[PDB]
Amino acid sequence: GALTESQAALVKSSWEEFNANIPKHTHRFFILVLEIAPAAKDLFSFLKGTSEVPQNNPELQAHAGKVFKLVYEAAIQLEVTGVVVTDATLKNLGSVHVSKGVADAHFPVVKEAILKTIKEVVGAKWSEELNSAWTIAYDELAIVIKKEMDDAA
């Protein structure tokens, strides 16, 4: 697909829509996650000892926000520049994943959880051209973090 001027315009537009509601979209995101894979729960300090996914836990919100931001930034950088750039932050990300017991097979869990979250976020404006655009941008960003975990192991 590439990432045409027209495709990037489509991701930016759809992310602005996500940030517009953090406590919802982030608690939804963790439920989509636990639906796709229940065992994932013991991983999260803020999920451990609990029985349900807390809805107003700042730790949880801060966490999930950071995750979508990073995927959007990735799409822009792809249209302008043609790539995703690896920095300090992505590198530290890779460390903390490993301390916490996270593996590669966990990633399609969080992808489908994000496509399904964005399909839910943009509703009727959904196009093939847009699905194509978020897919490209996640894929391209995961490729980069997985890279940094393996390196923190």
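Each form is matched to the other, and the largest set of C-alpha atoms that superpose within 1.5 Å is called the rigid core. We number the residues from 1 along the sequence you see.
> Root mean square C-alpha distance from this form after a core fit in 8 other deposited structures of this protein: higher for 63-71 or for 121-129?
The answer is 121-129, which departs more from the shown form in 8 other deposited structures of this protein.
> So, in 8 other deposited structures of this protein, taking the root mean square over structures and residues of the Cα distances after a rigid core fit: is 32-40 or 49-57 the more displaced stretch?
Comparing 32-40 with 49-57, the larger C-alpha deviation in 8 other deposited structures of this protein belongs to 49-57.
> Would you mind comparing 136-144 and 7-15 for me and telling me which has the higher average C-alpha temperature factor in the entry?
Looking at the record's C-alpha B-factors, the answer is 7-15.
> Using only the Cα atoms and their B-factors as the entry lists them, report which of 81-89 and 99-107 averages higher.
Higher mean C-alpha B-factor: 81-89.
> Would you please rank residue 112 by its C-alpha temperature factor against the other modelled residues of its chain and give the third it falls in: lowest, middle or highest?
Lowest third, going by the recorded CA B-factors of the chain.
> Would you mind ranking residue 36 by its C-alpha B-factor against the rest of the chain and naming the third, lowest, middle or highest?
Lowest third - that is where residue 36 ends up once the chain's C-alpha B-factors are sorted.
> How does the C-alpha B factor of residue 55 compare with the rest of the chain: lowest, middle or highest third?
Highest third.
> How does residue 121 rank on Cα B-factor within its chain, lowest, middle or highest third?
Residue 121: CA B-factor falls in the lowest third of its chain.
> Among the modelled residues of this chain, does the Cα B factor of residue 67 put it in the lowest, middle or highest third?
Highest third - that is where residue 67 ends up once the chain's C-alpha B-factors are sorted.
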